Structures are given as C-alpha cells and as structure tokens.
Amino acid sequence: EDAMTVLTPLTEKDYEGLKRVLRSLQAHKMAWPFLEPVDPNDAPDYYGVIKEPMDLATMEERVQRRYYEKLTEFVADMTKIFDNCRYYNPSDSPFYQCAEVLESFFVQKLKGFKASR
C-alpha cells in the first residue's frame, strides 16, 4: 500500500468516497452473503472458527461513526470479509465464488477511489 493509503488521514471528502464504494458493494448482486453478520443458524460453528467476523453493515456503522482514520483500516475490514469467507468455506462453494467476484469488484472501485483522492 502506498504512503497516502497508509497514513494520509481520511478527510470528509474521502469519507464521501468511502460511502460511495460501500454502497456500490452493498448493491452488487453477489454481495448478499456479506450484507449482515453471518447468522449462526446458517452456520452453527462459524463464530468458533472465525475469530474476527466482519460484514458490510458493521462497516457501514463504522463509516457513519467516522471510525476509520486511514484508508488502510477500511481496506483491512473489507479484506476481513473476504478472507473469513475463503477460510470458512470450501473453494467450490457459492460463498467462496461470491468472495472472489466481490473482492475483484472492490479492487476496481478502490483503485478508482485512490485515483480520485
């Protein structure tokens, strides 16, 4: 990650861009598994396997609260979503497929955000 991403504090303008990125992910057709925390009814052992769960609604709350100080922190939460999914689910599962599509889309959007800063 470049120096700007690591430590240039997020400005209010940056935050408007982060909101747009997040909304783009939330609107993507393959984002359904990631919109809200994993339901333990859908995976009873999930919270014993995944020590730091993450989901787009938690990220939204954090964005609205101005939790993130640096772009790296936002990227780290987003990456947790995908890493948790690839670790918990087998590589042939629809969940894993959704993570590979959505992460690629996130990278496209993130590059656009970084260029716009």
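We number the residues from 1 along the sequence you see. Between two forms, the rigid core is defined as the largest C-alpha subset superposing within 1.5 Å.
- For the pair 61-69 and 42-50, greater average C-alpha departure from the shown form in 8 other deposited structures of this protein after core alignment is found in 42-50.
- Two stretches are in play, 57-65 and 35-43, and the higher mean C-alpha B-factor belongs to 35-43.
- According to the PDB record, 9-17 carries the higher mean C-alpha B-factor of the two stretches 104-112 and 9-17.
- Per the PDB record, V49 has a higher Cα B-factor than any other of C85, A76, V49, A27.
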